[PDB]
Amino acid sequence: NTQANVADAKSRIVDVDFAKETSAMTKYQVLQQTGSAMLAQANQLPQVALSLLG
Amino acid sequence: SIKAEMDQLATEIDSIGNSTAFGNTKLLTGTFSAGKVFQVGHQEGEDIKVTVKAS
Amino acid sequence: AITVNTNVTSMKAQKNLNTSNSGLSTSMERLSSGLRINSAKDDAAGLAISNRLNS
């Protein structure tokens with residue numbers, strides 16, 4: 220009996236909850252694609268200087 | 111033994127009442143007994159009143 | 002009114018370009034992170050409230 224209850228206590232501390240973890244993993248995937256598009260588009264900001272005659 | 115169970119359940123009804131808060135403002139301890147005011151328009155008098163009695 | 006020493010048309014045009022460039026920059030960083038209140042430029046009261054809600 221006591222072995223089962225200690226296993227309960229030990230899992231709440233070191234084990235992951237997939238419901239919590241899966242949401243976070245999908246959460247950051249969107250942020251990565253958002254970050255890549257923003258960075259690529261922000262890199263060509265200085266090309267405005269070429270419009271004003273070199 | 112049955113009373114020892116009823117007694118602890120009544121303690122939490124107290125505990126939720128004194129804990130429920132919006133960041134740092136307690137909402138169930140009577141500070142919203144006389145409804146507070148939110149303004150939803152751009153001129154004076156466009157207000158909404160929310161009243162929460164103590165529980 | 003034909004001068005070759007001052008171009009006030011350019012001066013007004015330069016200011017408008019600076020405003021449009023600054024607005025574009027601030028929109029990208031809000032989109033790249035996902036937070037409206039990045040710095041204290043924005044709602045001064047919002048960040049204070051959010052800190053207690055975060056707690």
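Read top to bottom, the protein sequences are chains q, G and A. Quick note on numbering: the first sequence equals residues 220 to 273 in the authors' numbering. Quick note on numbering: the second sequence equals residues 111 to 165 in the authors' numbering. Quick note on numbering: the third sequence equals residues 2 to 56 in the authors' numbering. We put the CB at the ideal spot given by N, CA and C, even for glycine.
From the options, residue whose alpha carbon lies closest to that of residue i
i, options, result
"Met257/q", "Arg37/A, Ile38/A, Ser28/A", "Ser28/A"
"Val162/G", "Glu156/G, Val147/G, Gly151/G", "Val147/G"
"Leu264/q", "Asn6/A, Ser21/A, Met12/A", "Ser21/A"
"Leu54/A", "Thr141/G, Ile112/G, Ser111/G, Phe132/G", "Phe132/G"
Coarse secondary structure for residue i, derived from DSSP in three states
i, result
"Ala226/q", "helix"
"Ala2/A", "coil"
"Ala41/A", "coil"
"residue 173/G", "Lying outside 111 to 165, the shown extent of chain G, residue 173/G is not represented and no answer is given."
"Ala131/G", "strand"
"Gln149/G", "strand"
Beta-carbon separation (whole angstroms), residue i vs residue j, contact threshold 8 Å
i, j, result
"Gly127/G", "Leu119/G", "No, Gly127/G and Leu119/G are not in contact; Cβ-Cβ is about 13 Å, not under 8 Å."
"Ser143/G", "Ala114/G", "Between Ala114/G and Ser143/G the Cβ distance is about 33 Å, and since that is not below 8 Å, they are no contact."
"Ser33/A", "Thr245/q", "Rounded, the Cβ-Cβ distance is 19 Å, inconsistent with contact."
"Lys159/G", "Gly140/G", "The Cβ separation is near 16 Å, so there is no contact."
8 Å Cβ cutoff, residue i in contact with chain B
i, result
"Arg53/A", "Included in the structure are the protein chains q, G and A, with no chain B among them."
Same chain only: Cβ atoms within 8 Å of residue i, ignoring 5 sequence neighbours per side
i, result
"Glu156/G", "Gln149, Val150"
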